[PDB]
Amino acid sequence: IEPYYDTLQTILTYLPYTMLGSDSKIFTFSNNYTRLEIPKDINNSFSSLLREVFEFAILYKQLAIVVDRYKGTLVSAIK
Amino acid sequence: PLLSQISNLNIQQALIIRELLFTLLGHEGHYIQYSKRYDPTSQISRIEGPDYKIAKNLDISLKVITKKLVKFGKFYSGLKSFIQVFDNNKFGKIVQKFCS
């Protein structure tokens, strides 16, 4: 199928850095880490699958932002 | 070797790790250098620790990860310079015992 199917193992090379909520050469965050742009040269199927995988990355980034921001600011003991 | 000349990711990672081991102790490296704002003469500059700039040719992901880790060298250098200033008789037993 290789000759008849074109798409960018290379994804798995740069995927761990994106999963940990960090910028990547092929995946870039924007708008205060609220959306992630899937590049060109990722055909329909792979993009549709990644949209499910990238849910973890964005959610974890949001949680890390919250933890880093409210680490020692809140006064209430419960929070 | 120039950082731009190297294109492989593994080589860049190993090089930055080798340079980072010394950076975490407050020393300069070949690819991590002190910011021009850091003046060792000023007391407050030494206490607050030096700020580091990363070479522009590093990979973006490695640059981000390094920018997170660099802060540990800043804290260590600041504490080491704190001991060499606040550990004398004029600052009292409380501050001396804290320096311990």
# chains A, B, ... in the order shown; residues from 1 in each chain; ligands from 1

call {"tool": "closest_atom_pairs", "arguments": {"of": "chain B", "to": "chain A", "cutoff": "7 Å", "atoms": "only C-alpha atoms", "output": "Markdown table"}}
result
| residue | atom | partner | partner_atom | distance |
| --- | --- | --- | --- | --- |
| B:60 | CA | A:24 | CA | 6.4 |
| B:61 | CA | A:24 | CA | 5.5 |
| B:64 | CA | A:22 | CA | 6.9 |

call {"tool": "write_last_selection", "arguments": {"atoms": "C-alpha atoms", "output": "PDB file, in the first residue's frame"}}
result
ATOM      1  CA  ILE B  60      11.824  23.563  20.071  1.00  0.00           C
ATOM      2  CA  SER B  61      10.669  20.728  22.338  1.00  0.00           C
ATOM      3  CA  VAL B  64      10.988  24.173  26.218  1.00  0.00           C
TER       4      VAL B  64
END

call {"tool": "residues_around", "arguments": {"residues": "residue A:37", "least_positions_apart": "5", "cutoff": "8 Å", "atoms": "only C-alpha atoms", "output": "number ranges by chain"}}
result
A: 27-30

call {"tool": "select_by_dssp", "arguments": {"residues": "chain A", "states": "alpha helix (DSSP H)", "output": "MDAnalysis selection string"}}
result
chainID A and resid 10:19 44:69

call {"tool": "closest_residue", "arguments": {"among": "A:34, A:7, A:44, A:73", "to": "residue A:57", "atoms": "only C-alpha atoms"}}
result
A:34

call {"tool": "residues_around", "arguments": {"residues": "residue B:29", "least_positions_apart": "6", "cutoff": "7 Å", "atoms": "only C-alpha atoms", "output": "ChimeraX atom specification"}}
result
/B:19,22-23

call {"tool": "residues_around", "arguments": {"residues": "residue A:56", "least_positions_apart": "6", "cutoff": "10 Å", "atoms": "only C-alpha atoms", "output": "MDAnalysis selection string"}}
result
chainID A and resid 19:21 62

call {"tool": "write_last_selection", "arguments": {"atoms": "N, CA and C atoms", "output": "tab-separated table (two decimals), in the first residue's frame"}}
result
chain	number	residue	atom	x	y	z
A	19	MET	N	2.28	15.20	24.10
A	19	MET	CA	1.43	14.67	25.15
A	19	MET	C	1.72	15.32	26.50
A	20	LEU	N	2.98	15.66	26.76
A	20	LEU	CA	3.36	16.30	28.01
A	20	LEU	C	3.06	17.80	28.02
A	21	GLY	N	2.22	18.27	27.10
A	21	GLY	CA	1.86	19.67	27.06
A	21	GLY	C	3.02	20.59	26.72
A	62	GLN	N	-4.23	21.96	30.47
A	62	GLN	CA	-5.09	22.85	31.25
A	62	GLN	C	-4.93	22.58	32.74

call {"tool": "residues_around", "arguments": {"residues": "residue B:1", "least_positions_apart": "3", "cutoff": "12 Å", "atoms": "only C-alpha atoms", "output": "tab-separated table (two decimals) with N, CA and C atoms, in the first residue's frame"}}
result
chain	number	residue	atom	x	y	z
B	4	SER	N	23.51	24.29	15.44
B	4	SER	CA	22.81	24.23	14.13
B	4	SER	C	23.41	23.11	13.27
B	5	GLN	N	24.74	22.89	13.29
B	5	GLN	CA	25.33	21.88	12.43
B	5	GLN	C	24.75	20.50	12.71
B	6	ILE	N	24.46	20.20	13.97
B	6	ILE	CA	23.93	18.90	14.35
B	6	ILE	C	22.44	18.87	14.06
B	7	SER	N	21.99	17.85	13.32
B	7	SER	CA	20.59	17.70	12.96
B	7	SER	C	19.89	16.56	13.67
B	11	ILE	N	21.66	13.18	19.30
B	11	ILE	CA	22.91	13.88	19.57
B	11	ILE	C	22.63	15.17	20.32
B	12	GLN	N	21.61	15.92	19.87
B	12	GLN	CA	21.27	17.16	20.54
B	12	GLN	C	20.85	16.90	21.98
B	15	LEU	N	23.96	16.11	24.07
B	15	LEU	CA	24.76	17.30	24.26
B	15	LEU	C	24.13	18.23	25.29
B	30	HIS	N	28.43	25.34	27.10
B	30	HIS	CA	28.65	25.78	25.73
B	30	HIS	C	27.37	26.28	25.08
B	31	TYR	N	26.22	25.72	25.46
B	31	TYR	CA	24.95	26.05	24.83
B	31	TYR	C	23.97	26.74	25.76

call {"tool": "closest_residue", "arguments": {"among": "B:97, B:92, B:24, B:34", "to": "residue B:68", "atoms": "only C-alpha atoms"}}
result
B:24
